[PDB]
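[1] task: produce atomic coordinates for the following.
(2 chains, ligands or ions: 1)
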Amino acid sequence: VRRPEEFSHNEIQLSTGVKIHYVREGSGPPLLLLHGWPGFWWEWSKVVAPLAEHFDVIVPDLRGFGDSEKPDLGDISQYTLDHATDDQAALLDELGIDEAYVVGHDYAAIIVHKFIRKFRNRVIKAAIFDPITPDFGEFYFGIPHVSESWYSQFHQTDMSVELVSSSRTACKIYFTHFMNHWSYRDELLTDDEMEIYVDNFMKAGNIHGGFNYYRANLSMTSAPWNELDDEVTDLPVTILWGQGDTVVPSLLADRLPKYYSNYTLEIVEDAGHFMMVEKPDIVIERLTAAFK
Amino acid sequence: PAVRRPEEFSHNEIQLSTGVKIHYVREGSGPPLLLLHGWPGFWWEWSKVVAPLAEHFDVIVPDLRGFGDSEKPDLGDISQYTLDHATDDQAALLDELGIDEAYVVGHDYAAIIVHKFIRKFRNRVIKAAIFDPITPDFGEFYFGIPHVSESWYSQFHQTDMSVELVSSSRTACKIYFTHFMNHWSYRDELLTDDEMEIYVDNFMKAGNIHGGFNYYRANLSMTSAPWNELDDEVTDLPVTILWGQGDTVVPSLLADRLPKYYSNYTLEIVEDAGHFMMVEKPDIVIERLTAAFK
Ligand SMILES: [Mg+2]
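    Residues are numbered from 1 along each chain as shown, chains lettered A, B, ... in the order given. Shown next is the protein structure:
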């Protein structure tokens, strides 16, 4: 287990008005790895050094997460996924990168979906794990998947922030459920690993900032998708799907042709929602091979 | 120390033909009147209306199985937490008290219990009243869009983590339940802090958190069917319906569904009341029940 401090840390101010934290190492074509919720850059820790043999690996914290800036926590409008998508192109800008390989899942599955249609000329190839497409809502908020999406509505309440942040123990109890339930195997993280997550989420504004994503993009009056996002894209895309993902299940894969005309699909039977945590060997091999 | 303390009632615990030990308080002289709580709650949610009602009724206020000081059936066996069981418990309690027929009042989970009781045990009801009723119709709306913004908690309770988090301390327990007491109420703050501490005292008892959540696992999981073909019966029992317009979880726009199941009822929408009519507007409860049950 390679700890957060055993990485090379950076912080820069982007044109989008927000300060973004990221780690970086390796040499080669740029490779941007984007986390979701629950998460922050460190969820990719198992795969950074191996990929750094072939890529300039760049792993930022999304705004509202990790050590990146939390916009005014009372301003839900700064937590749209469109903002976080613009943050990624502005990061490449600030680093003098013309185009990059892009990888995302969970919330970052939407960012990548948006990114390669709005910033097509900034992406070489892309990969998405357990992708989420504009037609996801009808299922996600439907019967019986409401059994799984309840947390998105929990996070609209002020009491959710108050309860989850009431102590380290309450924080660990809450987040431990999603890491395991959304995973193929019964226990995803070692206790020490989970403790590093609690360290992260007990940072000022991180519980609140993460829930604002749900208030900004998954409320009953939220409209996070754009007309642009309905475009079929012919970008070469690598799709991996964890058959164990209970919240974004692999059966939704029959919807990919609605939006992608040139993709590979691999359903991993013994993986769930966190491919880079549970099956890092696979993430490493397929990205190295797909990205030349 | 500003409301009738829970110690200041006449308590009794009784084993029933159904196999559970039921706890209840009782006082008053008159025709019998059974008052049934829901979630979050226990017998003491009716405490503001018991003594005023006890001047004309024989008030009987039990803890539902899984709640309060009533027995928790095996917590790993959700089959013992269906609303059919809790309805039978009410008849079993009348039996054990020598009561042939009673006035009956229910809301929330007890709104369902009453719906079933007045159809299966019509022989045992004089008249009934339901606050913010819940009909067999309910699921399509409760789990529909956008009400999933309000029913998330029913699915939260399916998880093991919900029990682990909410029982983690008095603080967590109080933060959690405070949300529902207030959010489901017309006014911003339903309970005084001292009243809330009594609620926390109750839910920090062994199995009261787990047991309450089991009602959601037995009756409101996606594989549940708590309703029966009988419950589709249209009943002509005279039913008093009071509806809090500020109720966010069982909203009063649902009143158009009542004729589907009731042919002899009164309806009054209370503008400045929410999900807990007997807590937020105790006077209306007292005045309406005493008027209807004469
Ligand atoms: Mg699992």
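[2] quick check: residues of the stretch 151-292 of chain A near the ion?
    A:180, A:183 (C-beta under 5 Å from the ion). Just so you know, the C-beta spots here come from the backbone N, C-alpha and C atoms, and that holds for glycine as well.
[3] how does it look with 6 Å?
    Within the stretch 151-292 of chain A, the positions near the ion by C-beta under 6 Å from the ion are A:180-181, A:183, A:186.
[4] between the residues you listed, which is nearest residue A:123?
    residue A:183 (28.7 Å; C-beta to C-beta).
[5] the closest one in helix, strand or coil?
    coil (DSSP: H, G, I helix; E, B strand; the rest coil).
[6] same check on the one 10 residues further on?
    The three-state assignment at residue A:193 reads helix, by three-state DSSP.
[7] what's the closest non-adjacent residue to it?
    Nearest residue to residue A:193, sequence neighbours excluded (C-beta to C-beta, 6 or more residues apart in numbering or on different chains): residue A:1, at 6.4 Å.
[8] thought the one you found was touching residue A:194?
    No. Because the distance of 11.4 Å does not satisfy C-beta atoms under 8 Å, residue A:1 is recorded as not touching residue A:194.
[9] which of those two has more neighbours?
    Neighbour totals were compared for residue A:1 and residue A:194, and residue A:194 leads with 17 against 10 (other C-beta atoms under 10 Å in any protein chain shown).
[10] residue contacts, the more buried one?
    A:172, A:175-176, A:179 (C-beta atoms under 8 Å, 6 or more residues apart in numbering or on different chains).
[11] that one and residue A:230, how far apart?
    39 Å (C-beta to C-beta, to the nearest Å).
[12] what of residue A:141?
    As for residue A:141, its distance to residue A:230 is 19 Å (criterion: C-beta to C-beta).
[13] tell me the secondary structure of the closest residue to residue A:259 other than its chain neighbours, please.
    Distances taken as C-beta to C-beta, 6+ apart put residue A:133 closest to residue A:259, at 5.4 Å, once the chain neighbours are dropped. Taking three-state DSSP as the rule, one finds residue A:133 in the coil state.
[14] how about residue A:133, phi and psi?
    Dihedral pair for residue A:133: phi -110, psi 170, per degrees, to the nearest 10.
[15] so it sits against residue A:256, correct?
    Yes. If you go by C-beta under 8 Å, residue A:133 and residue A:256 touch, sitting 7.4 Å apart.
[16] which residue does the stretch 1-150 of chain A have closest to the ion?
    residue A:148 (12.3 Å; C-beta to the ion).
[17] residue of chain A with the smallest distance to the ion?
    For chain A, C-beta to the ion, closest residue to the ion: residue A:183, 4.5 Å.
[18] the nearest residue to residue A:205 once chain neighbours are set aside - how many residues pack around it?
    Nearest in space to residue A:205, with sequence neighbours left out and distances taken as C-beta to C-beta, 6+ apart, is residue A:70 at 3.8 Å. If you count neighbours by other C-beta under 10 Å, residue A:70 ends up with 21.
[19] residue A:139 now?
    Counted with other C-beta under 10 Å, residue A:139 comes out at 15.
[20] am I right that it falls within a strand?
    No. Assessed by three-state DSSP, residue A:139 does not belong to a strand; its assignment is helix.
[21] my read: it touches residue A:252, true?
    Yes. Look at residue A:139 against residue A:252 with C-beta under 8 Å: they come within range, at 6.8 Å.
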